[PDB]
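Take a look at this one chain, the form deposited in one PDB entry, written out in structure tokens.
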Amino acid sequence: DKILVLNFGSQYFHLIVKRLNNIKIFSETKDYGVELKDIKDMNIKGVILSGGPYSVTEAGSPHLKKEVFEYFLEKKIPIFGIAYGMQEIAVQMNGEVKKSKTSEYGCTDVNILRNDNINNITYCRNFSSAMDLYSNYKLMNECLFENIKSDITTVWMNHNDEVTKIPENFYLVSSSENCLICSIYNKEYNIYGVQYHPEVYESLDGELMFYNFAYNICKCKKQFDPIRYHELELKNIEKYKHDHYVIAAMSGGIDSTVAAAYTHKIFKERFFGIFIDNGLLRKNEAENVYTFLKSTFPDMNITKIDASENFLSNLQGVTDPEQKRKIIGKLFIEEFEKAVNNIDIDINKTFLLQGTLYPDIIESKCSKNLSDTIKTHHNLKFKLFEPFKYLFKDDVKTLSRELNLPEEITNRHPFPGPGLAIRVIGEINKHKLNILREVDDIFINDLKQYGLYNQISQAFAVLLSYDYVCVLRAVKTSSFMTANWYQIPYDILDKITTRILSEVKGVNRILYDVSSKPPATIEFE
């Protein structure tokens, strides 16, 4: 089952192939000007159209023959157009493509469209209501996007021309802030179209859309099941389990606690657990995180650090978020090294274990904004060990269940690097932290009691013997650069605010953030 791929001049053409090789599907390359005789004798159950530096309507521009396109639809050959490829599918099928209003380059989020998802569009006036615009186009109920987490997906943009008129009898599937008709799907001829480049590493769900295309749509008979795994990288390092050591910043997050779980199984004695209580943690996490780790991992060597006093004194006076982040970052590297320099081992023979995920890499790769980022800490040059570099968050959740670990660790909302520092606005103090912790803990303990925690991506509190003002944050994260605010039922919401202003001393006003990202952010500072 060879899937045919055609080149139009895309600088990402090899990535299109490399994607197929990672998902272990056979592939054969031909250009955009192949005579039918060369692809008729071959068994082909799919077609892919690449991008190209040319304009889809200008003179001398690369295209396909008229009779070769009428060869696919009759033989039931699913088509897939990328960027310039999508534009080619439009032009040949009575669709109009002209120069766009504004170009698109870099990381970009696109909205999957149902008749339900239409409400999630804010940019209606960019090209002026929600349904007032999508009444001109078709929709449906969700097949390319089978098994996708959210209705958003981060993709790689590189183009200046977009589609202007949807081809004959097509469904509009996706839209972006600067490209309305971004993705299409013909149910009749089983054709898919996309303006972005899913093959690019920056595109998060690129391999997922390819797996659904060739397997679940083109019906290729697999023949290659295992392939890429979290254990493949682990089975590799097994050949170093006596030569070197492995250290890890035990933070308490699911990413660090289930990465250390396997790396302790390999380096049973050569593994060092380093947990640092910066004093910027939540209520009782100074002990509960440590106590839990020692209990669940008895054989694991754990070194607990209390540099909280070194964090407070160094943050005194500092009110600017950037310098507050700069201090915490440049101080975390110190207390970590100092801890490593308490356990005498070969520095040139040791690994740096970092539960790093595929989305974490791109979030750092595609430099957009790093205020809401979680993995912050990502004079000693280590050989970095990131076995989950090609893995997802939902994946890690599955492994943590296989290890008989509780659900408490897999439901735990992602707690960022700088901690409560960017949650205490202005001057930071040990007193303000105490007040914020009392408020934050009540807020969380209730969300658990009434069962809303699991339905929220991330929830916390912000502080704005003086009486202070508190803000309650609760979001529904779709991508690392876009999120909504969770709509807490009022009856439940009322109880929390009632139980905070009554019990906690030092607060007389509670606010709830009702601003989305963009243009806002998850974290205040």
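Just count from 1 along the sequence shown to find any residue number.
Peer 1: With respect to the deposited sequence, how many residues separating residue 338 from residue 339 are not represented by coordinates: none, 1 to 3, 4 to 9, or 10 or more?
Peer 2: Count of unmodelled residues in between: none.
Peer 1: Counting only residues from the deposited sequence, how many are left out of the model between residue 142 and residue 143 (none, 1 to 3, 4 to 9, 10 or more)?
Peer 2: Going from residue 142 to residue 143, the model skips 1 to 3 residues of the deposited sequence.
Peer 1: Which has the higher mean CA temperature factor in the PDB entry, 448 to 456 or 182 to 190?
Peer 2: Here the higher of the two C-alpha B-factor means belongs to 182 to 190.
Peer 1: For the C-alpha atoms alone, is the average B factor greater in 311 to 319 or in 434 to 442, going by the entry?
Peer 2: According to the entry, 311 to 319 carries the higher average C-alpha B-factor.
Peer 1: Out of 500, 483, 64, 493, whose C-alpha atom has the biggest B factor in the entry?
Peer 2: Reading the PDB entry, the winner on C-alpha B-factor is 64.
Peer 1: Based on the PDB record, which member of 358, 156, 290, 245 exhibits the highest Cα temperature factor?
Peer 2: In the PDB entry, the greatest C-alpha B-factor among 358, 156, 290, 245 is found at 245.
Peer 1: When the modelled residues of the chain are sorted by Cα temperature factor, does residue 53 land in the lowest, middle or highest third?
Peer 2: Middle third of the chain for residue 53's C-alpha B-factor.
Peer 1: For residue 473, does the deposited CA B-factor place it in the lowest, middle or highest third of the chain?
Peer 2: According to the entry, residue 473 has a C-alpha B-factor in the chain's lowest third.
Peer 1: Which third, lowest, middle or highest, does the CA B-factor of residue 117 fall in along this chain?
Peer 2: For residue 117, whose C-alpha B-factor we compare with every modelled residue in the chain, the answer is the highest third.
Peer 1: Please say which third, lowest, middle or highest, residue 411 falls into when its CA temperature factor is compared across its chain.
Peer 2: Lowest third of the chain for residue 411's C-alpha B-factor.
Peer 1: In terms of the CA temperature factor given in the entry, to which third of its chain does residue 76 belong: lowest, middle or highest?
Peer 2: According to the entry, residue 76 has a C-alpha B-factor in the chain's highest third.
What follows is about the form solved in complex with a small molecule, which we do not show.
Peer 1: Going by heavy atoms within 4.5 Å, which of 286 to 294, 347 to 355, 409 to 417, 118 to 126 lines up against the small molecule in the entry with it bound?
Peer 2: Stretch 409 to 417 is the one.
Peer 1: Does residue 325 reach the small molecule in the entry with it bound, with heavy atoms at most 4.5 Å apart?
Peer 2: Residue 325 belongs to the contact set for the small molecule.
Peer 1: Does residue 497 make contact with the small molecule in the entry with it bound, using a 4.5 Å heavy atom cut-off?
Peer 2: Outside the cut-off, so no.
Peer 1: Spell out, yes or no, whether the shortest heavy atom distance between residue 19 and the small molecule in the entry with it bound is within 4.5 Å.
Peer 2: The answer is no: residue 19 has no heavy atom within 4.5 Å of the small molecule.
Peer 1: Against the small molecule in the entry with it bound, would residue 522 count as a contact residue? Criterion: heavy atoms within 4.5 Å.
Peer 2: It does: once the small molecule is placed as it appears in the entry with it bound, residue 522 has a heavy atom within 4.5 Å of it.
Peer 1: Out of 307, 422, 133, 315, which one falls within 4.5 Å of the small molecule in the entry with it bound, going by heavy atoms?
Peer 2: If I apply the 4.5 Å criterion carefully, the residue I get is 422.
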